[PDB]
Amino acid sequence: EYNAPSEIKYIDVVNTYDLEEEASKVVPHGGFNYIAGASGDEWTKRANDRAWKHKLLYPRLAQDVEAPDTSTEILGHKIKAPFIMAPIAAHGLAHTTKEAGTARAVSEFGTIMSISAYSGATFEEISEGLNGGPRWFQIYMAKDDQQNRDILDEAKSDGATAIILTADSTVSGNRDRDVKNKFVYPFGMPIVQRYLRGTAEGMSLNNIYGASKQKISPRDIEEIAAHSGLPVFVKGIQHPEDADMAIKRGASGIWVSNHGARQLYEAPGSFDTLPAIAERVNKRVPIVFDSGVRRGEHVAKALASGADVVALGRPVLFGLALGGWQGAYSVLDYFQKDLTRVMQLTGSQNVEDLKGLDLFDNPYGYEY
């Protein structure tokens, strides 16, 4: 069986990169490699990281007297800082309290929880941690329309206030850890098993992964947007034409992502794709950005480049490994404090001022 860490404690987060190596000491090797790894030789995961050096922050004089305020609003919900939790499968690979632990951290901090369809936790377990906090539900597009009806009803029943339609799947990702390590999940998918039980699709992990279309179309977006009764974010957008087609099909948001470099290999770093998408979106729908956010400076650069919020992923799971909900809360607190420092140095009093930053174009890239 699977020996996840179970300790609950606050952690002194000085930077999020060191959390990866610290988590590698407490997370079983197979689970750790599932979380940390990425496609191919991880060049596009490194590109996610290095892309932040392509656009650099300028320190700027202040024009306002007040203390910085990190709060913002998305879909009418006020959140403590311009970051949400990304949808991540199987939080139990990092900690025994699993998605309930992360939900407690996110709800206590004051932002939005994204629930993966591949949660290892029941919604009842997650609800305990959420304690009324806002939540969005991430889904894959099922080949069988009934399964889409089923998960949209599950999301409405669970008080979701948005759907995140992930554009890519059947556990994709040429060379993270399943072709190499030969590691398979130690637990189930109770959210989808609720509705797949007694169908062929529920019989195995392969059948669950295989129940999804491998890539969505604009027609798929239109069907989910028409029947969800909720705003739909399309997640995995890296090209501006796709953003335009998704909005025309009825998307209520664009979630710019390469899923933490877990799918297509030898693709751009996600941040390099953001400005072209934001210019084409041109204010029509909110933008969520993710894939590689590690520092407060990254949150600021994403806002300056057209994101309304960013989503956080691996660093929150590494925090959860190291301290359960308190460890995940420490990571959210780190980002909020670091963002406040960046606001002070850029002369920004609020999140709107961050959206107005001028960035320095660095044509030399990472080695400068």
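When you see a residue number, it is the position in the sequence shown, counting from 1.
Asker: For the stretches 90-98 and 239-247, which has the higher mean C-alpha B-factor as given in the deposited record?
Answerer: Comparing 90-98 with 239-247, the higher average CA B-factor belongs to 90-98.
Asker: Which wins on mean Cα temperature factor, 348-356 or 6-14?
Answerer: Going by the record's values, the stretch with the higher mean is 6-14.
Asker: Kindly indicate the residue among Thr199, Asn282, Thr72, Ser291 with the greatest C-alpha B-factor in the PDB record.
Answerer: Spelled out: the listed residue with the top C-alpha B-factor is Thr199.
Asker: Among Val106, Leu165, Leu152, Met189, which carries the highest Cα B-factor?
Answerer: If I rank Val106, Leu165, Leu152, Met189 by C-alpha B-factor, first place goes to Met189.
Asker: Considering every modelled residue of the chain and its Cα B-factor in the PDB entry, is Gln146 in the lowest, middle or highest third?
Answerer: Tercile = middle for this residue's CA B-factor.
Asker: Against its chain's modelled residues, does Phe137's Cα B factor rank lowest, middle or highest third?
Answerer: Middle third of the chain for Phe137's C-alpha B-factor.
Asker: Consider only the C-alpha atoms of the modelled residues in this chain, order them by B-factor as the entry records it, and name the third containing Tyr58: lowest, middle or highest.
Answerer: Bottom third by C-alpha B-factor.
Asker: Within this chain, which third does the Cα B-factor at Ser257 fall in: lowest, middle or highest?
Answerer: According to the entry, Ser257 has a C-alpha B-factor in the chain's lowest third.
Asker: Select lowest, middle or highest to describe the third in which the CA B-factor of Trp52 falls within its chain in this entry.
Answerer: Lowest third - that is where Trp52 ends up once the chain's C-alpha B-factors are sorted.
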